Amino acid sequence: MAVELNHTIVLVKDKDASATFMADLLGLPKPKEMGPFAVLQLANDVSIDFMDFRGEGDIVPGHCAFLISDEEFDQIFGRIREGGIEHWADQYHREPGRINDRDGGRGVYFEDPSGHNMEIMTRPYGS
């Protein structure tokens, strides 16, 4: 038996800005447009479907975390540095300009254009 998470919606101020930011940074294909969504496809058969928030007022920041290889971490963190992207070792953003070494891996937090708390890491939690 195998119940998979296939997609989840992330509400943002500008779906194209957030989805393209994430695809460019993570080195993924250009988001595909599907109805009101900018669809960001991840490798494990799941997508983040970015959608413009049509309520009021501020976005409540969510959290998405991405598991990547060591080689991918080097390239993606390289884009964080080269692009001047704010980043932090910790989820509460008190440790700017550092990465963490949780689980003997590497991890770092950054935000999408709407302020969601994004995270990349090379080892799963507790591994």
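Residue numbers run from 1 along the displayed sequence.
For the two regions 52-60 and 66-74, the entry's Cα B-factors average higher over 52-60. Comparing 75-83 with 27-35, the stretch with the higher mean C-alpha B-factor in the PDB entry is 27-35. The entry lists a Cα temperature factor for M118 that places it in the lowest third of the chain's modelled residues. In this PDB entry, the Cα temperature factor of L42 sits in the middle third of its chain's modelled residues. Looking at the C-alpha B-factors along this chain, the one for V12 belongs to the middle third.
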